[PDB]
Structure formats: structure tokens, C-alpha cells
Amino acid sequence: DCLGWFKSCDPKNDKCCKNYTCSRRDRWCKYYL
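K.L.:
Which parts of the structure should I look at to understand the state of the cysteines?
P.N.:
Among covalent bonds in proteins, the disulfide is the one between the sulfur atoms of two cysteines. Applying the stated criterion across every chain yields a total of 3 disulfides. Covalent S-S linkage joins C2 and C17, the inter-sulfur distance amounting to 2.0 Å. Handedness of the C2-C17 disulfide follows from its S-S torsion of about -60 degrees: it is left-handed. You can see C2 sitting in the segment before β1 (20-22) and its partner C17 sitting in the segment before β1, a full 15 residues away along the chain. Look at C2 and you get partly exposed, because its relative accessible area is 35%. Along the chain, the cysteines that take part in disulfide bonds pair up as 1-4, 2-5, 3-6, counted in sequence order.

Below, the structure is given as C-alpha cells:
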């Protein structure tokens, strides 16, 4: 599964979908530019 945006994630255990990547600053699945 993946996350959307403001879902908590962990950069070492990224669960983000396409065009997203989880930040550590925000610790959420941040839109990856």
C-alpha cells in the first residue's frame, strides 16, 4: 500500500506512492517534485 500526503511515514521505510516521498522534516508523504 502507499500513503497519500499528510500520513506519517519514515524516510527509511518509505511507503509513498508515485510522485511522493516521505520527508523527515515533515515526516509525511510529501509530494516529490
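Next, the rest of the story.
K.L.:
Just to check I follow, could you spell out the packing of aromatic side chains for this structure?
P.N.:
The description of an aromatic ring pair rests on the distance of the ring centres and on the angle between the ring planes. Counted under the stated rule, the structure contains 5 aromatic pairs. Members of the aromatic cluster, connected to one another through ring pairs, are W5, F6, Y20, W28 and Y31.

Calculation rules
Residues numbered from 1 in each chain as written, not as in the entry; some residues may be left out. Heavy atoms only, no water. Disulfide = S-S within 2.5 Å. Helix = DSSP H or I, 4+ residues; strand = E, 2+ residues; numbered from the N terminus. Buried < 20%, exposed > 50% of the residue type's maximum accessible area, 1.4 Å probe, protein only. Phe/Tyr/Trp six-rings, centres within 6.5 Å; stacked < 30°, edge-to-face > 60°.

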